[PDB]
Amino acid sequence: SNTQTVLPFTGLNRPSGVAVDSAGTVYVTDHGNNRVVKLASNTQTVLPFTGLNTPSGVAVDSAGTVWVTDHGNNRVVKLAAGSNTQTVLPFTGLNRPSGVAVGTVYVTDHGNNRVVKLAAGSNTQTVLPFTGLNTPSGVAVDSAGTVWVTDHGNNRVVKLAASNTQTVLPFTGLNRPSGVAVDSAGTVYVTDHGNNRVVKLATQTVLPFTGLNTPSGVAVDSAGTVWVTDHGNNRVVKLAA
């Protein structure tokens, strides 16, 4: 499709993260309203998270568990499907965390220029051996265990195989990039926030979104639909394959 669809979310303010599950349910972090909203339906629902302050990244697994980076409280919180009690994950030492990806949980520890991993079960926390990161933003993980990070401060996207080798992806002309997503083909999508555009790397291509204003989050589903949080315009837009 060359024509986007604006999702029927209401009341968003400065939305940040976005995630999509296999059923096609869309979750958005409504940063300015300290809440997470979801759309299955033309009417959204607010998830029963509590005490969020300027939340940022969101992720969802196949069980429908939702993870949110509670940026302003330096923690990560999760809600299982159908539950009213949120769980604070045993991360330690976080400093203004940004993105989150998933039973292993990966978090961009923005303020500490590092990506942290929480091992499932053992809850051992380790720092992934990325190097030279500066104010990193989005994170994504694939089935192979490869981790992609938007190195926002350095205008690049870098990946690490499940390794002491990090690869700079050949994006070009990025300007304060934010979110990153990866589909089953290995196509990587980045929200080039400072340039009001979304780029993918199959050859770099600008997706044909119209009227974007400082886009933040990006998500892609198994059918290749791409969802973007158009932060500057308080809206969420999608492009079908």
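Counting begins at 1, following the sequence as shown.
A.B. asks: Between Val88 and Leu89, what class does the number of missing deposited residues fall in: none, 1 to 3, 4 to 9, or 10 or more?
C.D. replies: Going from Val88 to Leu89, the model skips no residues of the deposited sequence.
A.B. asks: Hey, how big is the hole between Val102 and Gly103 in terms of deposited residues without coordinates: none, 1 to 3, 4 to 9, or 10 or more?
C.D. replies: In the record, 1 to 3 residues between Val102 and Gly103 lack coordinates.
A.B. asks: Quick one: higher average CA temperature factor, 59-67 or 174-182?
C.D. replies: Looking at the recorded C-alpha B-factors, 59-67 comes out higher on average.
A.B. asks: Please compare 213-221 with 19-27 and name the stretch with the higher mean C-alpha B-factor in the deposited structure.
C.D. replies: Taking the mean C-alpha B-factor of 213-221 and of 19-27, the larger value falls to 19-27.
A.B. asks: In the PDB entry, which of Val77, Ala119, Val158, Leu133 has its C-alpha at the highest B-factor?
C.D. replies: Across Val77, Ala119, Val158, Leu133, the entry lists the biggest C-alpha B-factor for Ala119.
A.B. asks: For the CA B factor values reported in this entry, which option in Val139, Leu169, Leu94, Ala81 has the top one?
C.D. replies: Checking the PDB record, the top C-alpha B-factor among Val139, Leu169, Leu94, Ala81 is at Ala81.
A.B. asks: Quick check for you: using the entry's CA B-factors within this chain, is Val199 in the lowest, middle or highest third?
C.D. replies: For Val199, whose C-alpha B-factor we compare with every modelled residue in the chain, the answer is the middle third.
A.B. asks: Per the entry's values, where does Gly51 land by CA temperature factor relative to the rest of its chain, in the lowest, middle or highest third?
C.D. replies: Tercile = middle for this residue's CA B-factor.
A.B. asks: Sorting the chain's modelled residues by C-alpha B-factor, tell me whether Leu128 ends up in the lowest, middle or highest third.
C.D. replies: Middle third by C-alpha B-factor.
A.B. asks: Would you please rank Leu207 by its C-alpha temperature factor against the other modelled residues of its chain and give the third it falls in: lowest, middle or highest?
C.D. replies: Tercile = middle for this residue's CA B-factor.
A.B. asks: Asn42's Cα B-factor: lowest, middle or highest third of the chain?
C.D. replies: It belongs to the highest third of the chain when residues are ordered by C-alpha B-factor.
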